[PDB]
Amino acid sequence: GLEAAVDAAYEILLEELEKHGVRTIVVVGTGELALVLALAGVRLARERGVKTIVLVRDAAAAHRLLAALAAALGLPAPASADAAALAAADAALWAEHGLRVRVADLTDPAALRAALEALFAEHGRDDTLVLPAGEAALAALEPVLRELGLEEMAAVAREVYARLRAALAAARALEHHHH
């Protein structure tokens, strides 16, 4: 179920924060692992002051993730995927909970590089853990990081992803809410 998945992801992230001195987590992609990482990020922000930013492919994906986060927090979802509504929801989520949800076209390497570069300008590269939310995101993220010369960051992204993938396969976040 969802709690077991969030707990397992939280434990993995705690191990990485201690291992790498992480101050900021950037999640690239959508789906169940993106939600689980965002929810673990809510706990990590409250308990450790570590901020999390999720980069999703389009405004529709941002609305879907913000709506699931809203439900988890007991808060209203944004009324629509209007950019102004999404930006306002994002600013509120950041101020109150240390989480962001931003739009970046992951099919476009230049757009993903630009979104990462914005986050690196805000949060730096040394203390930032970048994680893909799935296989497709890993395949998009690795070459971009490698082009930027961030080989260690790419290596950690792949290794931590493998552990998260295995943990979520066992935890089954959504098992109770579909056939």
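Note that residue numbering begins at 1 and tracks the sequence as displayed.
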Please compare 122-130 with 149-157 and name the stretch with the higher mean C-alpha B-factor in the deposited structure.
122-130
Per the entry, higher mean C-alpha B factor between 131-139 and 46-54:
46-54
Please work out which residue in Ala166, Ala9, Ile25, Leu17 has the highest C-alpha B-factor recorded for this crystal structure.
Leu17
Entry-reported Cα temperature factor of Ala83, expressed as the chain third it lands in
middle
Place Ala92 in the lowest, middle or highest third of its chain's C-alpha B-factors, as listed in the PDB entry.
middle
Ranking the modelled residues of this chain by C-alpha B-factor as given in the entry, is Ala34 in the lowest, middle or highest third?
middle
Rank-wise, by C-alpha B-factor, drop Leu112 into the lowest, middle or highest third of its chain.
lowest
So, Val101's CA B-factor, relative to its chain, sits in which third? The lowest
